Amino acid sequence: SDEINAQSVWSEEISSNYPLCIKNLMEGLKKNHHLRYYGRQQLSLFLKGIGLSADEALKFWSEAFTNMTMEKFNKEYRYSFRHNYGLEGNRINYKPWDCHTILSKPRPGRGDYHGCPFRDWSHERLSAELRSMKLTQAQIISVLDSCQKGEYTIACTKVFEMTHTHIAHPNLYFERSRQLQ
C-alpha cells in the first residue's frame, strides 16, 4: 500500500499502531537524528515488514539523519540500509525480527534504543508510559507483574489488548492493530 511511505510512518494514524519497542526507536531517532547499530537494524527491518519500500526507506533514513549531509549519509549508511533490503552482496531479503530475535541482541546501554522496553525499562519508566496510554492502576500492576516474571511478550500482549492470540513479533502487533483501526 502507497499509504505506507517515508512521511506517513511519522504520522499518528500509522504510529499509533506501533508496539513499545518501535515507539522507543522512533523517539530516539526523532530526538537524536540518528540511531546506533542495533536500533538502525531493528527499526529498518520492522519498517520493511510494514511495507516501506526500498526507495521510501532510503528517503526515510536520509531525512531522519537530518544533521549530516547527503554525501556523508551515502558514504556511511546507504550500503547498510540497502543490504537490509536484499539489494547488496548475496541479495538476501532479510526478514524482520521477532521478539525472540530482538531479545537475543546485546542489551541496550546509554544512547541505545533497541531491545524490548518491557525488559529494558525500569518499572517507574514503564508505569509512566502506560499511564499516558490511559491504562488503570490495576492494568499497570498486571503488565508489571508479567515484566517481573520475565514474560515480556505476555506484558506486550496485555498492553495490546488493554489499548484496543499471543503476540511475539512487532510486525504482528502492528498488523493486528492496523486491522482493528
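Numbering starts at 1 and runs along the sequence shown.
Enquirer: Please figure out whether residue 164 and residue 165 are truly consecutive in the deposited sequence or have unmodelled residues between them, and give none, 1 to 3, 4 to 9, or 10 or more.
Expert: Missing in between: 10 or more residues.
Enquirer: Would you mind comparing 127 to 135 and 41 to 49 for me and telling me which has the higher average C-alpha temperature factor in the entry?
Expert: Result: 127 to 135.
Enquirer: Report the stretch with the higher mean CA temperature factor, choosing between 107 to 115 and 80 to 88 on the basis of the entry.
Expert: Result of the comparison: 80 to 88.
Enquirer: When the CA B-factors of 26, 140, 64, 155 are compared as recorded in the entry, which is the largest?
Expert: 140 has the highest C-alpha B-factor of those listed.
Enquirer: Using the B-factors in the PDB entry, rank residue 72's C-alpha atom against the chain and give the third, lowest, middle or highest.
Expert: According to the entry, residue 72 has a C-alpha B-factor in the chain's middle third.
Enquirer: Taking the chain's C-alpha temperature factors as the reference, tell me which third residue 30 falls into: lowest, middle or highest.
Expert: For residue 30, whose C-alpha B-factor we compare with every modelled residue in the chain, the answer is the lowest third.
Enquirer: Taking the entry's C-alpha B-factors for this chain, is residue 8 in the lowest, middle or highest third?
Expert: According to the entry, residue 8 has a C-alpha B-factor in the chain's lowest third.
Enquirer: Tell me, lowest, middle or highest third: where does the Cα B factor of residue 36 rank within its chain?
Expert: Its C-alpha B-factor, which the entry lists for residue 36, ranks in the lowest third among residues of this chain.
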